Amino acid sequence: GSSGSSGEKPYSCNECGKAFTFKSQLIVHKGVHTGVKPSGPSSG
Ligand SMILES: [Zn+2]
């Protein structure tokens, strides 16, 4: 369980909190928050 050390990442989450080297990587992790259902955009 070696997880923690982090250098520098211009992409970090705000909802739950996290870091990412590339945007895409962050977009995927963000999907867990935004729209927690396949039922398209909850609101709009
Ligand atoms: Zn997050």
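Residues numbered from 1 in each chain as written, not as in the entry; some residues may be left out. Heavy atoms only, no water.

As summarised from the PDB record, the model derives from solution NMR.

**Side note on the coordination of the zinc ion**
Coordination of the zinc ion by the protein is provided by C13 (SG), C16 (SG), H29 (NE2) and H33 (NE2), with metal-donor distances spanning 2.1 to 2.3 Å. Viewed at the metal, the 4 donor atoms of the zinc ion are separated by angles of 99 to 118°, and the geometry they form is tetrahedral. Classification of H29 as buried rests on a relative accessible area of 14%. (Donors = N, O, S within 2.8 Å, 3.2 Å for Na, K, Ca; no water. Tetrahedral: all angles 85-135°; square planar, octahedral: opposite > 155°, others 65-115°. Buried < 20%, exposed > 50% of the residue type's maximum accessible area, 1.4 Å probe, protein only.)

**Concerning the environment of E15**
Relative to the assigned elements, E15 resides in the loop between strand 1 (11-13) and strand 2 (18-20). Classification of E15 by relative accessible area gives exposed; the value is 51%. A C-alpha to C-alpha distance of 8.1 Å links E15 and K30, two positions 15 residues apart in sequence. Those residues in contact with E15 that lie beyond four places of it in its chain are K30, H33 and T34. (Helix = DSSP H or I, 4+ residues; strand = E, 2+ residues; numbered from the N terminus. Contact = heavy atoms within 4.5 Å.)

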